[PDB]
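Asks: My questions will all concern the structure given below.
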Amino acid sequence: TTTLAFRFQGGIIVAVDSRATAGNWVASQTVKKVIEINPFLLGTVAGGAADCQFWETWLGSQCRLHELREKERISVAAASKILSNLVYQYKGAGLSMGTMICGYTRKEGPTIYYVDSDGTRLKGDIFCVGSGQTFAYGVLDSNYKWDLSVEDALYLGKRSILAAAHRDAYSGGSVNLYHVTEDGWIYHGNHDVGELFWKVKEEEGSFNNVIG
Amino acid sequence: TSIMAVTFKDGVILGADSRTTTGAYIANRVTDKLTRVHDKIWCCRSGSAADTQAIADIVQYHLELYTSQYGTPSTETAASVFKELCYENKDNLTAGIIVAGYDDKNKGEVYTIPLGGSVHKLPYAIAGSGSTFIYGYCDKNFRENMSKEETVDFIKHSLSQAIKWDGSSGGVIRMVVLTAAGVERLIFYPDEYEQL
Amino acid sequence: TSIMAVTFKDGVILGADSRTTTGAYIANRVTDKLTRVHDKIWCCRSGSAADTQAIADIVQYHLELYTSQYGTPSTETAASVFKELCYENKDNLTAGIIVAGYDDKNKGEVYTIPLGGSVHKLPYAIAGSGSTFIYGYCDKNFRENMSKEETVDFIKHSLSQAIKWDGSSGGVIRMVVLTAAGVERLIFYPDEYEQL
Amino acid sequence: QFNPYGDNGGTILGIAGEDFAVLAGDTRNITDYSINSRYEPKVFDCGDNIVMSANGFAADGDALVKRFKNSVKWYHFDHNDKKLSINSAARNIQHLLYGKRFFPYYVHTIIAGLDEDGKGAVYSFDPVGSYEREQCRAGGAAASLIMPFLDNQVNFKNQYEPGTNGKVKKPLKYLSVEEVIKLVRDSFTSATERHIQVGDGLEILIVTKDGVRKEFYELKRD
Amino acid sequence: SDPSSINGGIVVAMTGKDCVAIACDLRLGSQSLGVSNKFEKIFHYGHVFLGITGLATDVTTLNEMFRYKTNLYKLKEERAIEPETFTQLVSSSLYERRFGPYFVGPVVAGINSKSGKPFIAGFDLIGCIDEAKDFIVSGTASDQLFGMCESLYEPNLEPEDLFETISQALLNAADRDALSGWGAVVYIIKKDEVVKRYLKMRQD
Amino acid sequence: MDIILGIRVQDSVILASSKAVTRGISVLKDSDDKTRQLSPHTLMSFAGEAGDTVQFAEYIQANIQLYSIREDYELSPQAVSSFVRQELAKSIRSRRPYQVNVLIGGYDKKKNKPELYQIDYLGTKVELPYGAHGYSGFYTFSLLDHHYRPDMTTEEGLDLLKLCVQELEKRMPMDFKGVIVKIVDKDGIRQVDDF
Amino acid sequence: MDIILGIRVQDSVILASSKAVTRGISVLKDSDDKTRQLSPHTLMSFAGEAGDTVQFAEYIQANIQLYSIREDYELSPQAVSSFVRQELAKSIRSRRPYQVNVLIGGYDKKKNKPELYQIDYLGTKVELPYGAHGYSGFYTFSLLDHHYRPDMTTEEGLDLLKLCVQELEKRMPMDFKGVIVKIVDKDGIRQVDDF
Amino acid sequence: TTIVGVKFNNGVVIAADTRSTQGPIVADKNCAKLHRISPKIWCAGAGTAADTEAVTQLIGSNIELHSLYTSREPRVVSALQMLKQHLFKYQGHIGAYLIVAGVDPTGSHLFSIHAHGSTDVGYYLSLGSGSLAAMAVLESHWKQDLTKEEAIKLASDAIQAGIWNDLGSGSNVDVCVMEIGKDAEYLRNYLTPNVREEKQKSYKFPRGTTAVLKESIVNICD
Amino acid sequence: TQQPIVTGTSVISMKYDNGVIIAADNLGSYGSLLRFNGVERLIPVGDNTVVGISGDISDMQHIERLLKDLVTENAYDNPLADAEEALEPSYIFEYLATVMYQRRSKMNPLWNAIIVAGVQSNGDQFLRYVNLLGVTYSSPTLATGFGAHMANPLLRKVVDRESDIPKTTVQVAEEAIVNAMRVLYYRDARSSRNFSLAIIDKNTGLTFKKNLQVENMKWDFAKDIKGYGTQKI
Ligand SMILES: *[C@@](C)(CO)[C@](*)(O)[C@H](Cc1ccccc1)NC(=O)[C@H](Cc1ccc(OC)cc1)NC(=O)[C@H](C)NC(=O)CN1CCOCC1
Ligand SMILES: *[C@@](C)(CO)[C@](*)(O)[C@H](Cc1ccccc1)NC(=O)[C@H](Cc1ccc(OC)cc1)NC(=O)[C@H](C)NC(=O)CN1CCOCC1
Ligand SMILES: *[C@@](C)(CO)[C@](*)(O)[C@H](Cc1ccccc1)NC(=O)[C@H](Cc1ccc(OC)cc1)NC(=O)[C@H](C)NC(=O)CN1CCOCC1
Ligand SMILES: *[C@@](C)(CO)[C@](*)(O)[C@H](Cc1ccccc1)NC(=O)[C@H](Cc1ccc(OC)cc1)NC(=O)[C@H](C)NC(=O)CN1CCOCC1
Ligand SMILES: [Mg+2]
Ligand SMILES: [Mg+2]
Ligand SMILES: [Mg+2]
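Residue numbers (the numbering used here), protein chains in the order written: chain A, 97 to 308; chain B, 719 to 914; chain C, 719 to 914; chain D, 10 to 231; chain E, 46 to 249; chain F, 4 to 198; chain G, 4 to 198; chain H, 7 to 228; chain I, 17 to 249.
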């Protein structure tokens, strides 16, 4: 995996790859690494596939029970802490999870929370998680500004995954884009790296290391 | 240890050496490895002293409680209680036990219980470290329905060889005779058996 | 392996089973473990087949070269060459060899060479995995200055028991008779020896 | 030390069509270099038009299928004989597998059937419950041999339209049951040639709205 | 620390009607990190072609070594080495390093100039020759290549058809392996002409 | 030893190399030059095991300088890199291998072209437009994939290099105390003093 | 988690705590506050195993806050530290111990005295004029042995603290992204925003 | 592997399967395990494939030089002695398990050599992963005074047992008959009971399916 | 976590036209020591099933007791205990298979390989295997231990697939089994000459044969074999 999400002027961008690995075996190229918890909450997942899949789906159930009981949508902080407290109970047992709970609420505004399987929980503006996080960071950090447009921010998130998909052997397949606003999350399509790479190379004039 | 039990015409005889070792040091050279679990049901103990001892004590307790309720137990029943302990606690036990007893109906009987916890009813049985050296001898020389004197000679000559070759075995040769007559204890010293 | 060599009135007899094992599989059930290093100096091989084989070949080479220069070697000389190889390469060898030969002066002689590389001259010798089960039997039954027929019976009965108890031993019982008369090969099949 | 796992070999294969789905699997069962059975089926009809196979360690595989079959039974009792949809079955299986997250079922599971729109569906699982719906999946020992062939022939990967300068991709289309069974049979004969744990026989379970049909084919027995 | 799967890569060779094809990917990485997308694994000495997968330092070392040996061969024999002879030379050289081997999976391909017969061969790292009528595979996605070749291949393919088959075998195998891909090269070899094509493949 | 980068542009090769020499919980030096001039138009940066790095670098330097005197002629960057690779290729199967990774930046005077070679301690040589050893690559490669163009000037290359160093200073765990930058071109080797 | 310092002066306790949160070869965050307010006049900084640190800190915080509500009274820094020590002393002989080291800086309103306690994950409590956990101590203790005076002002204490941070930034291998400084005195807890 | 050797009236016959494996993958479906040491001394090899090839060639080379030196046809015991002394020197690290057989002026012979350098003599022998399957057949059907045609049948039947029942053995049966007074006849692929069935479909692609980036003519001439 | 102590070797079996045959030698080995020679490893359950067990003998004796107890439990409140509601081979197998897998799942296995041979109430042949891991499989021929490597190849020459079962008579099937037992005696170092054989036929019922011996053995060729290579005497 490679997953990122960053805060900016126009809300939150969230981008993930779609590759699953079993060692050097490519298990899948079409996997979903963004879980839609509710119309205002997203959860990215990296690490052990089942651990991620099982506990994030479980998190969505706990968030549903919260709004039934409290007649109010759960905060991004509270949602992330339900998950971080859960994985902390399993600390040492060998769970592998690198998640990012992204969403908007009235009291918080746009918020991102990094949560991982050894109990770390961090609020922040920019995070990259997964085997190819460093590759994504390289492109994202060097082009990031708060004043990015929704159009430019979406592209930077897409381009940062593409960069990692290229270099990281354990990332690729396709890019899944999301945009979180005050009105909720908006899906911005699946982008296959098979076509996206050559499209980006030609139009952007980048990737000169590759035989064109 | 070298130990053995042998059925014969009038009943059964148990036999054992008297050497207990902690490494190459002989902790006790006059050990009594023949132990009573009931009036006419005895056993030979090989392997861990502590384990065989703890087992024999529990068996003796069970058979005493059996006798209080249901009268005298069979030799098979005694062996079954031994087995139950040895089998169910096989992971924590190093005990090789030969059970021998005299009923009036069933006459002499010998059951051997190796490390695993399996039961094997036999005409005669040999066990312990020193038994390896006398499989050849005991097989060639054993006969069914021997006399008391023949069986005593068979055990004496066998354990004599087992002792001669096995460093872990030695001292005196204790024996216990189980018949309708009663219970008889025998002993044989090095000066006698060594020069057989 | 079960192997043995026994001196007697007219000379010496070597005896062996025929089972070669790779684990619990019998690779060869008709092995010839009795090997000639000289006209009337033979040896029984136990332990690693490859090692005992390589050694026996070197000894055969040395004794052939000895004969070319100094005439017929003694049985002691043969055992000394075996020892020299086994002792000096003890770290890399798993070989238990019994050397047996017939001189006209010294008559029958038996030398046993265990793992260490030590030499031991004996009236008779037993070795290999299956020998453990017949120490008792062989000690009780061996006599000095036996006849040829008595010694053949002694080896046959002994190896029969060794085979019966040892899983690593079996097949046929090969024997080699070394006397002034010459060299005689004998064989004995399961149908005969099993029911002794 | 006692090792609770073993490898019973073999290989399985699931392909989804427009109004059907197939789940195929060789009938060979092995341990180490020995053949245990030349015909031991591991593709099962579990009711409600769901076929299932859990290839890898047969003991764990049989245990899982047995539990899922039982899960279907109690779904009927507890919910007024309602039909278990393929998507619901998949989620239920995830919980079965993940239930033993820290002492897993050593099996690559595949189920096949029809979705609630009547279209062909193949779901595939890892040993600890991770799952994903696909048009195509090979599982088991020879999965690495078969899977790329399926990518090429079922999903038309790396295939471009002739004369379009590698610009237009070959268009995706559903395959007929006749064309799918051809790919299955060629996949298994190819896998039999190069993998020692695959052979003896091939058993295919086809799932349409009408029910579950079976087909058997011989494979090389070496 | 498994020499055969640090750098990654694949080679595949096929026979056709009066022709042979040999192909390879272009990736060189250090485990997860992709480093170079220009690293070719196929070399040639006269008309004999050699593909080499495995540890990249040895791929380079062996190429330089076989160039060395084939050059001296040509000077003394006064003729170019043939594929059958070269195959033997490779096996000898690899087995010479029996207890300290080059961690490679070489593949010889070429047409015998005298008889005109298409020839391919593979080796394990220790020199064992694997001769084949149909095809030879090598590298981190060898399982994948075996599965692709065994299904896609058919005998007596024409050069233009053979190109399509070998290319599709390599591409679809490479996409299921993390350490292979990043570009590909295919050599189509006829009796007295050789065409080299760079394939367009997904760059992840 | 940790961070060594290389960027080949239109008319030159630029090598950046970290200044920190750490041992244990102490930065012993923050002005270390992790490079040697092999010849007037060839520069080699290095990183790896302590002691091995300099010992290897100076050993190569001595050999190349010996060649230059003997033939009264400068060896090409390609030739030097091939020599270096072979030395490392021998090394790896020695009793104690050199654990040294290197970048060889050189200007070929016959071709009038800059050349950058990346060679690891195994003897794995590759010619690249941009290179890096160690953990640096995990950030810089993707960054350069995006921002690098083949026809850039030396000044553009330095700005591109600043962008790498900034990213490393932001995301790398260890303090590497900045970098020493050196440029290799037709006029030889020179050091950028203010970086 | 890595660098946490503490300096008790005449009328206050000053806690410095590094901002870097690193995992693997990536600095995930450079603005992390490694402290919790246990009560209005008691502050606890913490460092150690990931997850354990915050989980422990918040657990203590909850307990102290519960006490404050129940008794309508603030617990003394000595009492809080004794409670914390006992929790760690239990922890160390648990199935999975908290691997957390803490500094407890507090102002005792009854004594009108600042107090600094250093407690490691074993439950080893000590009252000190200045304290540190991890590798920081190996530099700061000797530095403070020299420059520290017991009658210093808060402003003098901050300059003394700057001298520590400078030394750590110079000699520590890892980039800890500066520190967040907090002062505990008679008027409560406040943060120095410009450091 | 599965390899066997059987003695008969006027000579000896050896046989072998033709499967080569790397892990569970069949590397070669038709490799030659029967090796010529001299014209009338042949060798069947099991174990590490390169070691059986290399050791047999080396000894074969030295046997040829020895035959020229002595002006005599080489003997089986010479090959046996040279092989076992070589294998023993390397303490089993050369993983060659051989069945050596042939005819020479002394007569007909049949031996087996293990990797560690131990040799056996026999009328019937079998080595390799399928030696137990083969030996089962040999033990059931072997008798004294076999004819040539009976020995070839018994030998090939023993190899078949390995082919079918052992996963480490497969494909075809190679045989070599060495009779006294006659030339040794090497019967390559004596039986071929594992022919691949016709594929269901031709996967010949439409020309232009693969996308290309560059073309160039390669110069092979001077 | 166990280690087997006193062990039983190969159990071999096959189907024929009207029923099944199963056989197993009477040896209880103690490592390389051939300790016990009177061990019965075929245990009949009712008059229509025989369970053949290899591996640890203490665990075998435990399984004996479980089967013995299963017959008793089935008879309780069951007027048709010797008729329609009698114990089937398939019932007996599934019970054991459940136990074996439960024990391996608790990391405390019954260290055995088991073959349940029998004939169902409707005349169908039942033959199925289960081991310490809870692995189950069925085939026309089944064997444990060395039997799997040596017996199965021989028995599969008789019945190679399902369609060969009606073509195989009890005379042919029994001859193959007895031959296989001889081959195992030649080649298995932990086997004995004495063995037991059981035939469960749908017509003639259960025939249990005790104290059989391996006979017609070829040993005569041994006398000609001299040395290990270059020896003539
Ligand atoms: C990239 C590809 C790194 O591999 C991502 O982290 C990716 C994330 C992801 C998220 C949701 C769904 C699919 C994939 N992770 C994987 O693909 C993951 C990598 C991984 C494997 C094993 C691990 O050990 C704890 C940690 C990470 N791959 C898997 O989970 C694969 C499909 N499953 C297995 O390997 C099955 N194992 C998992 C561990 O338990 C034993 C069985
Ligand atoms: C002979 C010596 C060897 O088999 C007998 O079995 C003999 C039997 C015996 C002894 C006394 C009373 C009744 C029966 N056994 C011993 O003498 C025994 C040797 C033995 C010790 C430990 C074993 O494994 C657990 C197996 C055999 N000796 C002892 O038990 C002595 C008293 N104690 C020790 O050696 C200390 N042991 C305790 C157990 O753990 C290892 C260290
Ligand atoms: C009985 C079987 C056991 O002591 C005999 O000693 C017998 C002696 C013999 C056999 C054939 C010809 C002459 C003499 N030995 C064997 O059958 C022997 C058993 C054995 C193997 C290895 C040993 O340690 C090195 C000790 C005993 N069998 C073999 O040598 C067989 C042919 N080979 C193997 O088992 C493979 N070994 C090679 C050596 O390293 C371990 C694996
Ligand atoms: C059967 C097939 C065993 O499976 C035979 O013994 C066969 C013998 C053979 C094959 C071809 C030509 C002559 C003889 N053996 C193999 O094919 C052999 C199997 C094997 C692999 C590894 C082993 O561990 C050392 C032992 C046996 N396969 C090979 O030798 C293949 C070609 N090479 C490798 O697997 C790689 N070498 C690397 C160096 O270490 C040995 C394995
Ligand atoms: Mg990638
Ligand atoms: Mg004594
Ligand atoms: Mg086979």
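The beta-carbon is built from N, C-alpha and C at its ideal position, and this holds for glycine as well.
(1) Determine the chain I residues that contact residue 679 of chain C at a beta-carbon separation under 8 Å, and present them in chain order.
(2) Span of the alpha helix (DSSP H) holding residue 103 of chain E?
(3) Taking only heavy atoms of ligand 3 into account, decide whether any of them is closer than 6 Å to the Cβ of residue 882 of chain C.
(4) Check whether the Cβ of residue 763 of chain B sits closer than 6 Å to any heavy atom of ligand 2, and report yes or no.
(5) What is the residue span of the alpha helix (DSSP H) that residue 82 of chain D lies within?
(6) Using a Cβ cut-off of 7 Å, which residues of the stretch 187-213 of chain D contact any Cβ in chain H, in chain order?
(7) Can you give, in chain order, each stretch of the beta strand (DSSP E) that sits fully within the stretch 143-203 of chain I and has at least 3 residues?
(8) When the Cα atoms are used, what is the spatial distance from residue 151 of chain E to residue 160 of chain E?
(9) Restricting to Cα atoms, I'd like to know which of C/790, C/847, C/843, C/796 is closest to residue 887 of chain C.
(10) Give the straight-line distance between the Cα atoms of residue 103 of chain F and residue 6 of chain F, rounded to the nearest whole angstrom.
(11) Tell me, which residues are paired with residue 738 of chain B by DSSP?
(12) In the DSSP assignment, what are the bridge partners of residue 31 of chain I?
(13) Are there any heavy atoms of ligand 1 lying less than 6 Å away from the beta-carbon of residue 194 of chain E, as far as the coordinates show?
(14) Does residue 74 of chain I get closer than 7 Å to chain B when you measure Cβ to Cβ?
(15) In or out: residue 77 of chain G buried (at least 16 other Cβ within 10 Å) or exposed?
(16) Show which residues of chain L have a CB atom less than 7 Å away from the CB atom of residue 111 of chain D.
(17) So which residues on chain I does residue 836 of chain B lean against when the C-beta distance must stay under 7 Å?
(18) Closer than 7 Å, Cβ to Cβ, to anything on chain A: give me those residues from the stretch 72-106 of chain E, in chain order.
(19) Starting from residue 136 of chain H, trace the alpha helix (DSSP H) both ways and give me its first and last residue.
Replies: Per the coordinate set shown:
(1) Because chain C in this structure spans residues 719 to 914, residue 679 of chain C falls outside the shown range and cannot be described.
(2) For residue 103 of chain E, the enclosing alpha helix (DSSP H) covers residues 101-122.
(3) No, Cβ of residue 882 of chain C sits at least 6 Å from all heavy atoms of ligand 3.
(4) Yes, the Cβ of residue 763 of chain B comes within 6 Å of a heavy atom of ligand 2.
(5) Residues 67-87.
(6) Listed by position along the chain: 191, 194, 195, 198, 202, 203, 204, 205, 206.
(7) Those beta strand (DSSP E) runs which fall completely within the stretch 143-203 of chain I and span 3+ residues are 152-154, 157-159.
(8) Residue 151 of chain E and residue 160 of chain E: Cα-Cα distance of roughly 24 Å.
(9) Selected option, being the one with the closest Cα: C/847.
(10) Between residue 103 of chain F and residue 6 of chain F, the C-alpha separation is close to 13 Å.
(11) Answer by DSSP bridge pairing, in chain order: B/746.
(12) According to DSSP, which records beta bridges pairwise, residue 31 of chain I is partnered with I/36.
(13) Checking the Cβ of residue 194 of chain E against ligand 1 gives no.
(14) Yes, its Cβ sits closer than 7 Å to a Cβ of chain B.
(15) Counting Cβ neighbours within 10 Å, residue 77 of chain G comes out buried, since at least 16 surround it.
(16) The structure shown contains no chain L; its protein chains are A, B, C, D, E, F, G, H and I.
(17) Neighbours of residue 836 of chain B on chain I, chain order: 22, 73, 74, 77.
(18) Within the stretch 72-106 of chain E, the residues whose Cβ lies closer than 7 Å to some Cβ of chain A are 74, 77, 78, 79, 82, 83, listed in chain order.
(19) No alpha helix (DSSP H) holds residue 136 of chain H; DSSP gives it neither H nor E.
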